[PDB]
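A.B. asks: Build me a model:
(2 chains)
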Amino acid sequence: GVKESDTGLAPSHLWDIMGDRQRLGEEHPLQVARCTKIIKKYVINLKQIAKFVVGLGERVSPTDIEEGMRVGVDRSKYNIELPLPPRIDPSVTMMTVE
Amino acid sequence: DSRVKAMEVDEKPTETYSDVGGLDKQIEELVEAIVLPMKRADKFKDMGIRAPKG
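C.D. replies: Residues are numbered from 1 along each chain as shown, chains lettered A, B, ... in the order given. Below is the structure:
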């Protein structure tokens, strides 16, 4: 068999103290969405096709929210927590760089 | 949609039509086609002509 060989090794035991209080936090998941219209509040379109009006987070600047940018929104009642960089089509273009 | 909202004006700096060497006549006809049926839309309505679509 593979007899139970999983990456991590000897430093990941000290990581288990730090990573168990964060893993239970809802920091993650943030269902990744994408803005379709800033209405001078914000309109996101989920990538499941179902549209929602959300609002500002804990302390995000109103400059971060831009057109066609992806953002992460609270898993339950949708509200922008953390904006995220743009476009998820780049990835066939990062394997061409030597 | 989000492609059309980006296409929207962003104010691109003019290069000015006087710094474009030569081609005097091409600037006038372009001005005649696009710019002047917007501003002077009263003199097209008195005359009874339509504005050139493009």
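A.B. asks: For the rest of this, base every contact and every neighbour count on C-alpha atoms.
C.D. replies: Fine.
A.B. asks: Show me the helices in chain A, by range?
C.D. replies: Using DSSP state H, the helices of chain A run over residues A:12-24.
A.B. asks: Show me what residue of chain A gets nearest to chain B.
C.D. replies: Nearest residue of chain A to chain B (C-alpha to the nearest C-alpha) works out as residue A:36 at 5.0 Å.
A.B. asks: Hmm, residue A:46 and that residue touching each other?
C.D. replies: No. Counting by C-alpha atoms under 8 Å, residue A:36 stays clear of residue A:46, with 9.5 Å between them.
A.B. asks: so what's the residue of chain B at minimum distance from chain A closest to, chain neighbours aside?
C.D. replies: Distance from chain A to each residue of chain B (C-alpha to the nearest C-alpha) is smallest for residue B:2, at 5.0 Å. Nearest in space to residue B:2, with sequence neighbours left out and distances taken as C-alpha to C-alpha, 6 or more residues apart in numbering or on different chains, is residue A:36 at 5.0 Å.
A.B. asks: Residues of chain A that sit close to chain B?
C.D. replies: Contact residues (C-alpha under 8 Å from any C-alpha of the partner chain) of chain A with chain B: A:35-37, A:67-68.
A.B. asks: I'm done for today, thanks for sticking with me.
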